[PDB]
């Protein structure tokens, strides 16, 4: 039990030769996770449901940076798509080392106005979808693999009105991480959740206020702020971090 796990020094942060799959990587945070993982030496499978041109654009940009990439279409709201996606994925690069479950949708509304269709739309993607991406990831990941789920500051936020559906769909992910860390540990896979505060993306648009209001550091959160933490968790540096929820919001209070 004294045996050092992995390399001492900077190489422990290396993602060289790893293969990562990121869901919803054609745009926003998912796109930057893919770009950054690629820059650190990973071959990346860029999943998308709709944004096809965007997806091929991410794949091309990743190749331009020196790493192989490919895209796979799949809607996480359909478990059959998720199963197919992983089967396709492992055949592209031969194995899967890292899985970043990032696909998600936003929603707003006073609880009184929430319809079952809106609730179902959000939970099927943000919660159910991530659960099943996690199930398939467990099956296909290399022993010693990595699974990073997507949460949000709203999972624990205390002052966000008209956001019960969205927040609740994200809060659930935090418990999944704790519970899946136990189950998936039998293949030495760590399972963690990244919980971004506000981050500039299309979802975000739906700067000075965000800068001064949600951060003492006085700036806006960017996709790269999240991508960097994902790479840490995905590396050997994140080896003793499992079942945790990492808040990435610049010291926000919401």
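Numbering follows the first chain given and starts at 1.
Self-check item: Mean Cα B-factor comparison, 229-237 or 14-22, giving the higher one as deposited
Solution: According to the entry, 14-22 carries the higher average C-alpha B-factor.
Practice problem: State which stretch shows the higher mean Cα B factor in the entry: 86-94 or 133-141. | Solution: Between 133-141 and 86-94, it is 86-94 that shows the higher mean C-alpha B-factor.
Exercise. Would you mind finding, among 194, 212, 33, 185, the residue with the largest C-alpha temperature factor in the entry?
Key: Of the options given, 212 has the highest CA B-factor in the PDB entry.
Exercise. Tell me which of 157, 147, 179, 173 tops the list for C-alpha B factor in the record.
Key: Largest recorded C-alpha B-factor: 157.
Quiz item: Hey, what third does residue 101 fall into on Cα B-factor, ranked over its chain?
Solution: It belongs to the middle third of the chain when residues are ordered by C-alpha B-factor.
Quiz item: Within this chain, which third does the Cα B-factor at residue 72 fall in: lowest, middle or highest?
Solution: It falls in the top third of the chain.
Quiz prompt | Chain-relative CA temperature factor third for residue 250 | solution = It falls in the middle third of the chain.
Practice problem: Could you tell me which third, lowest, middle or highest, the C-alpha B-factor of residue 50 occupies within its chain? | Solution: According to the entry, residue 50 has a C-alpha B-factor in the chain's highest third.
Exercise. Would you check the entry's CA temperature factor for residue 27 and let me know if it's in the chain's lowest, middle or highest third?
Key: Answer is highest: the recorded C-alpha B-factor places it there.
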